[PDB]
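In structure tokens, one chain follows: the form deposited without the ligand.
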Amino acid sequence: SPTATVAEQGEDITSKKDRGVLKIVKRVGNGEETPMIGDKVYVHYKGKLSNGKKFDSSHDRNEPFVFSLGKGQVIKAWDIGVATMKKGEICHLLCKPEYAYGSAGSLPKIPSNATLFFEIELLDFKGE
């Protein structure tokens, strides 16, 4: 029941300590460095709804997903969560709607006020 470990044991990585983003490390990464605001990051990811249905994956595009950290190119939960990861790390994030798609959701797959599950692998990152 893949969501269970993060939902029950996840670390609250939010500043407000509102349990809005919970994290578990599934595979430890290498080194000391975490990516910083402005860095280019390369990830694989998968997202599932609270009902278990997979809604998005970088693997369906057959390429890593690339974005600039902290620029709001991704949901809040990822700008926060990816900034806590080391290179090669795989984590799970459990994200409340305030850190994802909020009351509106996202047509056609993400309902109003959705709590979402992600698995994210940080493949690489490069200075800003």
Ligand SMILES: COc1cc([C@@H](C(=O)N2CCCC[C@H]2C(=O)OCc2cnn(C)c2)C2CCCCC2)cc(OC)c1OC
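Residue numbers run from 1 along the displayed sequence.
Omitted here: the form solved in complex with the ligand. The next part is about that form.
*Asks:* With a cut-off of 4.5 Å between heavy atoms, is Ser106 one of the residues that contacts the ligand in the deposited bound form?
*Replies:* Yes, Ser106 is a contact residue.
*Asks:* Does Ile90 reach the ligand in the deposited bound form, with heavy atoms at most 4.5 Å apart?
*Replies:* It does not: once the ligand is placed as it appears in the deposited bound form, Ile90 has no heavy atom within 4.5 Å of it.
*Asks:* Is there a non-hydrogen atom of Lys54 within 4.5 angstroms of a non-hydrogen atom of the ligand in the deposited bound form?
*Replies:* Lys54: yes, in contact with the ligand in the deposited bound form.
*Asks:* So, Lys48 and the ligand: in the deposited bound form, are they within 4.5 Å at any heavy atom pair?
*Replies:* Because a heavy atom of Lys48 falls inside 4.5 Å of the ligand in the deposited bound form, the answer is yes.
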